[PDB]
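To begin, one chain is listed below as structure tokens, in the form deposited in one PDB entry.
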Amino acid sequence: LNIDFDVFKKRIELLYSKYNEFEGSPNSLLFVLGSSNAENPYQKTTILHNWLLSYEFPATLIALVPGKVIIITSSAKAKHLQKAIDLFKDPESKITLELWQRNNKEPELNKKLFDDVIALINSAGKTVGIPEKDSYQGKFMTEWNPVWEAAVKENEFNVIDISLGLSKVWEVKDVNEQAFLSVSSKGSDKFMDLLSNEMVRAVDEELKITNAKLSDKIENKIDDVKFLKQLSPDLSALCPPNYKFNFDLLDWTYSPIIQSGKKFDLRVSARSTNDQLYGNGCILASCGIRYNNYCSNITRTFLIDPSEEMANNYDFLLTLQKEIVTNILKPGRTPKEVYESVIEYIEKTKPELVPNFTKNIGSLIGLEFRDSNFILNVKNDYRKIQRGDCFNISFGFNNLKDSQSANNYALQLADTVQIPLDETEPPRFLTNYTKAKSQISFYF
């Protein structure tokens, strides 16, 4: 751990200053982190750790009550956090930080800690704010679960969801966050370059390889230390001032996806299939590298011996993205207003494609890959786009008919787009790997 505690103090203060105005008016907040799960990394409590500390702290409880932050954790972790206590000790602080150390040879001490924090919460009032979808396992949780359940039943706690409130508190990216998002996005560009190269070779060398094995080839390159060394200059250059670039901090947002031949699925649920790579028509590729917990996403369509209608529809896909980012994706507008405006545009330029279009044009991106309270569809009329928002702008058309094949085709484009904090400045593409038709088309 090398923790910026000024950033910690800063984000804790922002939270504490917003949370009583969260829906339902919670008197206190409670985050409980079991064991970490690499296969389930975007739970709110984990996102909270990441925003506060840039690390996930397992077997750790954090409570926000009026005038006090309580952290129940190991001795080891309490030493990592110790420098924080002093930082709140000063009279520009409405809040004190307390570290309550667990002792695993002392089970009765440990139970006491839980009883004591629940008493503090009860004092704050009856409404307790917890991320309702959080679901952690392991030994710490098994200690916690019965104690908390008994507390709710005996103390008449009104336990309410705070997911939307948390989503709002950390939505806007500060300069350092924007820079980590830039690094993460450059990593996406690098892996997509490799992906395109590898996909072209697999077609050229007639490789026996499925869509899934090819995307797995790309996925595992994150472990190739030679490959990582190649990436480092371009990525490290983008790191924020005073921050050194670190390999340990580079990860996947999700497993890479390659689609070809028979099956195109434009839903976020899509996975690479076990079908042999199909070296003709449209190839959809998605990469999304994470850096220092900050997610990105890029999606490209490659055209292998396209028909004229395919190539034409690809040109429209480019013109559509340019319209959205330049003219539609504006601060102050809701996801619903943005989406309706997109449909309207397609209606006045290529009306017949409307039924084939995706039901969203992406979501807010950040420490969470896909914020469910900020999807760019018609169901969200309750968020406004803000300066400092980063989006995964991702859309496509599926089930497009190819006059030349029994296989329908599909086209898909995704980029990570930053909205600057400055009013005078336009949306900035963080992913910049080519999407020019002549550079993603291949003839065999």
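Take the two forms, find the largest set of C-alpha atoms that superpose within 1.5 Å, and that set is the rigid core. For every residue, the number given is its place in the sequence shown, counted from 1.
Heads up, the form deposited in another entry isn't pictured, but that's what we're talking about next.
> When the rigid core of both forms is overlaid, which of 240, 146, 331, 107 is the one whose C-alpha moves 2 angstroms or more between this form and the one not shown?
Replying inline: One residue passes the 2 Å cut-off, namely 107.
>> My question is whether residue 406 is one of the residues whose C-alpha shifts by 2 Å or more between this form and the one not shown, given a fit on the rigid core.
In response: After core superposition, the C-alpha of residue 406 moves 2 Å or more between this form and the one not shown.
> Closer or farther: the CA pair residue 104/residue 36 in the other form, versus this form, with a change of 3 Å or more?
Replying inline: Those two alpha carbons end up closer in the other form.
> So the Cα-Cα distance between residue 39 and residue 104 shifts by 3 Å or more in the other form; is it shorter or longer than what we see here?
Replying inline: Result: closer.
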